[PDB]
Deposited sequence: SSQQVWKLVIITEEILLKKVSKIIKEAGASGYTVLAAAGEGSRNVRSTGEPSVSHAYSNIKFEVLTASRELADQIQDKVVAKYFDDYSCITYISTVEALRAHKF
């Protein structure tokens, strides 16, 4: 049984705004790490959001991209994982 993992790497100023999008979309949780990077090196944030459906991962990704992709640094992608143990998913 595959589940989906959405990653969003973006500017630290978006921590609250992106966390709200994740929770309002119905994700059961999220993990965020402090990171740094260079793109198109400075401190930024990396979100990981596990979802039971591709649709939910897409909905979160699409909302973040629609709101912030044009005005903020951002990279995002999805992959699959298995053998999930979670308290509420």
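- What stretches of this chain's deposited sequence are missing C-alpha coordinates? No coordinates exist for the deposited residues in 1-2, 43-55, so these stretches are absent from the model.
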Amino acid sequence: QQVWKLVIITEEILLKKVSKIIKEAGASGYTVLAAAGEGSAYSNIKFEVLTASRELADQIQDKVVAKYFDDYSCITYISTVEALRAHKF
From here on, numbers count along this sequence of modelled residues.
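Basically, rigid core = biggest C-alpha set you can superpose within 1.5 Å across the two forms.
- Item | Of 61-69 and 75-83, which departs more from this form in 5 other deposited structures of this protein by CA RMS after core fitting | Looking at 75-83 versus 61-69 in 5 other deposited structures of this protein, the farther one turns out to be 75-83.
- Thinking of the other compared PDB entries, is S43 one of those residues unmodelled in at least a third of them? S43: modelled in all of the comparison entries.
- Item | Selection by C-alpha B-factor (highest) of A52, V49, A35, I60 | Checking the PDB record, the top C-alpha B-factor among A52, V49, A35, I60 is at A52.
- Of the residues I13, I9, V81, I78, the one carrying the largest Cα B-factor as recorded: Spelled out: the listed residue with the top C-alpha B-factor is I13.
- Task: Would you check the entry's CA temperature factor for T31 and let me know if it's in the chain's lowest, middle or highest third?
- Result: It falls in the bottom third of the chain.
- Query: When the modelled residues of the chain are sorted by Cα temperature factor, does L56 land in the lowest, middle or highest third?
  - Reply: It falls in the middle third of the chain.
- Query: When the modelled residues of the chain are sorted by Cα temperature factor, does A41 land in the lowest, middle or highest third?
  - Reply: It falls in the top third of the chain.
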